[PDB]
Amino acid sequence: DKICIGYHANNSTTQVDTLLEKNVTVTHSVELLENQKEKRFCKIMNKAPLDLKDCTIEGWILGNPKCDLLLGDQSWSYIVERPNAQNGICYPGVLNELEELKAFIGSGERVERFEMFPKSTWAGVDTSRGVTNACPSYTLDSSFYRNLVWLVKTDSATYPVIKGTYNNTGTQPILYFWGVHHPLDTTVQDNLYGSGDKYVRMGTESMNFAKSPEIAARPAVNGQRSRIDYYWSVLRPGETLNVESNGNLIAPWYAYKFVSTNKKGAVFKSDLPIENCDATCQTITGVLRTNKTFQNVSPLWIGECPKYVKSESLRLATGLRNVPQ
């Protein structure tokens, strides 16, 4: 008669590493890391992402005539910008504080387009001839940004002082744009704005702006040696904006009532397909569907994701050393 003390063995070939020993077969274990992604974009919190398609962030938000698909109100859980999008700043020039603008827009959730300054705001100037073959639409070969208006001189009487005002009486901050034109030579200047020292000045309770045209021929881009200095700002609730100019003003026409996000905000530069699905965790290179603690797919995500880590595997032993006989 006999009794023996012993321990469990099974058919496991799953291995773990320890400080003392590599490749130890154990009876039970749990993997803590996810290396698997669904290569696509999905909804987050059942809210859809905004696909920019063939428009860049600048083209979308400036109102590039070839981005009419996007034009208006948008709600997004995150933004997807395609690497080869061709429709950005069509009339050559620099968008100032571009990286800060992207960060701002990334922190958002919804925009509402509304008319901020109707064209009839600007007394004694032409608002109907501000087009360019650098900004074709899909129909006209000479158009312009849907959110700006290129003000030119009338008949030939001198470019008067024009003025505009907007008191933001709502509850949301307003994102708006404007520009300063820089002709290539002094005759183009004269043909459009007449003679004299020109200025563009702008102010709120907390912001000041003032600039003059800087006439010079730059290398041609989209058939233009002239330039526009694009600007953006945010009009806070209760604040009022005054515009004063006597020439070279690319005026703010339409603007955006901006809803800031409570969550995180993402702008994914990717080619991945957007599909009709849900997710709680979306990385830039795909969806993760897991309960696992770590992942080695991407450090970049929106949603509730596992900790990013460079490891191939993080297998924790739970059972004991497997010694079958």
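In case it trips you up, residue 1 is the first one in the sequence shown, and so on.
Q: According to the deposited model, is the average Cα temperature factor higher in 118-126 or in 80-88?
A: The stretch with the larger mean CA B-factor is 118-126.
Q: For the stretches 94-102 and 243-251, which has the higher mean C-alpha B-factor as given in the deposited record?
A: Between 94-102 and 243-251, it is 243-251.
Q: Quick one: which of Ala134, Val111, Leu235, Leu71 has the biggest Cα B-factor according to the entry?
A: Result of the comparison over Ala134, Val111, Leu235, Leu71: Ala134.
Q: Quiz for you: based on the deposited Cα B-factor, which of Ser75, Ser107, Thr158, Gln172 is highest?
A: Of the options given, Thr158 has the highest CA B-factor in the PDB entry.
Q: Going by the CA temperature factor in the PDB record, which third of the chain does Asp271 belong to: lowest, middle or highest?
A: Highest third.
Q: Where does the C-alpha B-factor of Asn291 rank in its chain, lowest, middle or highest third?
A: As the PDB entry reports it, the C-alpha B-factor of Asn291 lands in the middle third of its chain.
Q: C-alpha B factor of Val26, ranked within the chain: lowest, middle or highest third?
A: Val26: CA B-factor falls in the lowest third of its chain.
Q: Looking at the temperature factor on the CA atom of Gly265, which third of the chain's modelled residues does it land in?
A: Highest third, going by the recorded CA B-factors of the chain.
Q: Can you tell me which third, lowest, middle or highest, the CA B-factor of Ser298 falls into for its chain?
A: It falls in the bottom third of the chain.
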